[PDB]
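The opening residue of the sequence shown carries number 75 in the working numbering; numbering runs sequentially from there. Written below as structure tokens is the structure these notes are about.
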Amino acid sequence: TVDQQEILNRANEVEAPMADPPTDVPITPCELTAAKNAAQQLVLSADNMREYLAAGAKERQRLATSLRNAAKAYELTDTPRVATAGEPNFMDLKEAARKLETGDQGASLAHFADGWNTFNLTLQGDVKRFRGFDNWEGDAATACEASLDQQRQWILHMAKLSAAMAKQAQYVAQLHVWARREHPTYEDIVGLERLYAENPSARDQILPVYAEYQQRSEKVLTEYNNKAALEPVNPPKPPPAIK
């Protein structure tokens, strides 16, 4: 069975443009190191992701141009992992609050998460391009179905990873929000410092309040280190097309 015209149609179909990924760069929600690294981690992950998708397109162009062969006759590497200090660094109260309160507080991450999620949803419905044939059979035809089907699966993995990377982002965004809610404010630290600095006989009982302020802080910083240490997003290579 040879439908000549069906080959040509499906070639054009397979190498027509797909969705452009987002070009938004994430920015640290604040000045704590853990936050900064998390944002670094995500620039690598996303850069690598965008590269692998450009390679995919190149490989879909080869598959297409190879289908037209048939009709007629009838560098990439892993994502780097960013280092993460094993010990927090329990800096003095006032500075922890200063660092935590300075930055966009997650707006970039949220916008980043947003755009990668939309990519995942829009990409996972452009797969009709990789379906089987109707009027083309035998070794030649069936082999090409395997090659289309391969990249169909790759696409769905890449779409899953987009969604995974976007989850990391908004997870840190809300992790930060937790941290602000839980950490003593600059204002209140200064305020408590002032209450000490003016009620001199009371200072004996002001002490264990200030102690619990430090404990509260350590607890936050510890949990920020750990939970903000993201995994790299390591896309698998686009599979070879066909000749």
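Heads up, the beta-carbon is just placed ideally off N, CA and C, and yes, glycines get one too.
query                                                                                                                      : result
Contact belief for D200 with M92 at Cβ below 8 Å, rounded distance in angstroms                                            : 5 Å
Unbroken alpha helix (DSSP H) run spanning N143, endpoints                                                                 : 107-146
Rounded straight-line distance, which links the Cα of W190 to that of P100                                                 : 11 Å
Option in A220, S291, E297, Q279 with minimal Cα separation from residue 319                                               : Outside the modelled stretch of the chain, which goes from 75 to 317, sits residue 319, for which no answer is possible.
Where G265 falls, given that 16 or more other Cβ within 10 Å makes a residue buried                                        : exposed
Beta-carbon contacts of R134 that lie in its chain and below 7 Å, excluding the five residues immediately before and after : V88, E89, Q225
Same chain only: Cβ atoms within 7 Å of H185, ignoring 5 sequence neighbours per side                                      : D98
Chain-order list of residues whose beta-carbon lies under 6 Å from that of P310 (same chain, five-residue window excluded) : none
Beta-bridge partners of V76, as assigned by DSSP                                                                           : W210
Rounded separation between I280 and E286 - CA only                                                                         : 10 Å
Beta carbon of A159 nearer than 8 Å to that of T107                                                                        : yes
Local Cβ density within 10 Å of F164, reported as buried at 16 or more and exposed below that                              : exposed
Proximity below 8 Å, CB of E267 to CB of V294                                                                              : no
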